[PDB]
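J.: The following block contains the structure, expressed as structure tokens.
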Amino acid sequence: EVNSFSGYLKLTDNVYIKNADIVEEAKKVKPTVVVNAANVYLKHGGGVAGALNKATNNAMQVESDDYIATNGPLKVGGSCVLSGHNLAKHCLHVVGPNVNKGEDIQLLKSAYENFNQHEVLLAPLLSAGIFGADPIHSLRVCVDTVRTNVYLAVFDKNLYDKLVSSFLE
Ligand SMILES: CC(C)[C@H](Nc1ncnc2[nH]c(-c3ccn(C)c(=O)c3)cc12)c1ccc2c(c1)S(=O)(=O)CCC2
């Protein structure tokens with residue numbers, strides 16, 4: 001079965017959310033597109049990007065290095081489409097702003113806009129965690145910006161509960 005998302009809570013007609021690890025979701029669901037929370041040089045050194053690369057046994061990093069050699073780095077708020085490997089048909093590498101490194105939070109709208117070129121996506125909460133954005137603000141930007149169908153996997157039950165409570169106010 002295609003895009004077999006299970007156990008999500010529907011927030012709006014096009015945004016769903018689950019307390020789950022995106023890597024485990026990508027193995028179970030086999031989505032058409034999995035979003036990576038990338039950096040501009042596609043160096044998958046930790047967090048979500050490191051976990052998705054490790055699940056591909058480093059095939060994602062080798063492919064990413066070859067892409068950067070030919071095309072140069074991405075811009076903050078930009079994206080590229082590369083192979084999904086064993087995790088998805090395609091990986092959409094999206095660069096949200098890293099507020100902890102001084103990048104502009106306004107670029108988070110441009111980052112989510114990349115999602116609208118794909119009908120269905122499995123994605124993480126952009127710019128949250130160590131990128132420093134307020135995760136409740138990142139969910140609000142996602143809901144207001146994404147028009148295609150997006151399944152958000154957030155690997156922390158405490159944050160999940162705060163995000164669902166905030167949306168339902
Ligand atoms: C907010 C947080 C709960 C969320 N975390 C995650 N959300 C969804 N699936 C996840 N898998 C893992 C994971 C991490 C270690 N290892 C070993 C794994 O195997 C699997 C993390 C994780 C998240 C959302 C966005 C971003 C980050 C973190 S960040 O800090 O990586 C910087 C980039 C933006």
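Just remember, in the structure tokens the first chain shown is A, the second B, etc., residues are 1-based per chain, and ligands are 1-based in the order shown.
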Sorted by chain and rising residue number, which residues of chain A lie within 6 Å of ligand 1, and what are their closest atom pairs and distances in Å to one decimal, counting only C-alpha atoms and all ligand atoms, as CSV?

T.:
```
residue,atom,partner,partner_atom_place_in_ligand_line,distance
A:21,CA,ligand 1,9 (N),3.7
A:22,CA,ligand 1,9 (N),4.0
A:37,CA,ligand 1,33 (C),5.1
A:47,CA,ligand 1,31 (O),3.4
A:48,CA,ligand 1,31 (O),4.1
A:51,CA,ligand 1,18 (C),4.7
A:124,CA,ligand 1,24 (C),5.2
A:125,CA,ligand 1,24 (C),4.7
A:126,CA,ligand 1,25 (C),5.1
A:127,CA,ligand 1,34 (C),4.5
A:128,CA,ligand 1,25 (C),4.3
A:129,CA,ligand 1,30 (O),3.5
A:130,CA,ligand 1,30 (O),4.1
A:131,CA,ligand 1,32 (C),5.0
A:153,CA,ligand 1,8 (C),5.2
A:154,CA,ligand 1,7 (N),4.2
A:155,CA,ligand 1,7 (N),4.2
A:156,CA,ligand 1,3 (C),4.8
```

J.: Run DSSP on the backbone of this structure and report the residues of segment 23-108 of chain A it assigns to strand (DSSP E or B), as a list in words.

T.: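 Reading the DSSP output for segment 23-108 of chain A, strand (DSSP E or B) covers residues 33, 34, 35, 36, 37, 79, 80, 81, 82, 83, 90, 91, 92, 93 and 94 of chain A.
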
J.: Restricting the calculation to only C-alpha atoms: of A:78, A:45, A:7, A:96, which residue gets closest to residue 29 of chain A?

T.: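 The answer is A:7, which sits nearest to residue 29 of chain A.
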
J.: Hey, which of A:87, A:150, A:26, A:2 ends up closest to residue 114 of chain A? Count only C-alpha atoms.

T.: A:150

J.: For residue 99 of chain A, please output as a ChimeraX atom specification all residues within 8 Å (counting only C-alpha atoms; exclusion window: fewer than 4 positions along the same chain).

T.: /A:103-105,127,131-133

J.: According to DSSP computed on the backbone, where in segment 4-74 of chain A is there helix (DSSP H, G or I)? Give the residues as an NGL selection string.

T.: :A and (22-29 or 47-55 or 59-71)

J.: Have a look at A:157, A:151, A:111, A:169 and name the one nearest to residue 8 of chain A; count only C-alpha atoms.

T.: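 Counting only C-alpha atoms, the residue closest to residue 8 of chain A is A:151.
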
J.: Counting only C-alpha atoms, figure out which residue out of A:35, A:56, A:13, A:49 gets nearest to residue 92 of chain A.

T.: A:35

J.: Dump as a Markdown table the rows for residues of segment 27-95 of chain A within 10 Å of segment 119-123 of chain A: closest atom pair and distance in Å with one decimal, only C-alpha atoms counted, ordered by chain and rising residue number.

T.:
```
| residue | atom | partner | partner_atom | distance |
| --- | --- | --- | --- | --- |
| A:29 | CA | A:122 | CA | 8.8 |
| A:30 | CA | A:122 | CA | 9.4 |
| A:31 | CA | A:122 | CA | 6.7 |
| A:32 | CA | A:120 | CA | 6.8 |
| A:33 | CA | A:121 | CA | 5.0 |
| A:34 | CA | A:122 | CA | 4.9 |
| A:35 | CA | A:123 | CA | 4.8 |
| A:36 | CA | A:123 | CA | 7.2 |
| A:37 | CA | A:123 | CA | 8.3 |
| A:88 | CA | A:122 | CA | 9.2 |
| A:90 | CA | A:121 | CA | 9.7 |
| A:91 | CA | A:121 | CA | 9.5 |
| A:92 | CA | A:121 | CA | 8.9 |
| A:94 | CA | A:123 | CA | 9.9 |
```

J.: If you keep C-alpha atoms, can you produce a file of those selected residues as a compact mmCIF listing (two decimals), in the first residue's frame?

T.:
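Result file follows (selection10.txt):
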```txt
# COMPACT_ATOMS: atom_id res chain seq x y z
CA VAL A 29 4.99 4.14 5.49
CA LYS A 30 7.28 4.03 2.44
CA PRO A 31 6.16 7.59 1.54
CA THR A 32 6.50 9.17 -1.89
CA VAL A 33 8.53 11.99 -0.24
CA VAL A 34 10.41 12.21 3.03
CA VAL A 35 11.58 15.68 4.07
CA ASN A 36 15.10 16.08 5.53
CA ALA A 37 15.80 19.04 7.90
CA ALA A 88 11.02 6.95 0.32
CA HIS A 90 12.33 10.94 -3.03
CA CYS A 91 14.01 12.94 -0.30
CA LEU A 92 13.18 16.68 -0.27
CA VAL A 94 14.79 21.58 2.98
```

J.: Of the candidates A:6, A:71, A:57, A:12, which one gets nearest to residue 140 of chain A if we count only C-alpha atoms?

T.: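 Going through A:6, A:71, A:57, A:12 one by one, the smallest distance to residue 140 of chain A is for A:12.
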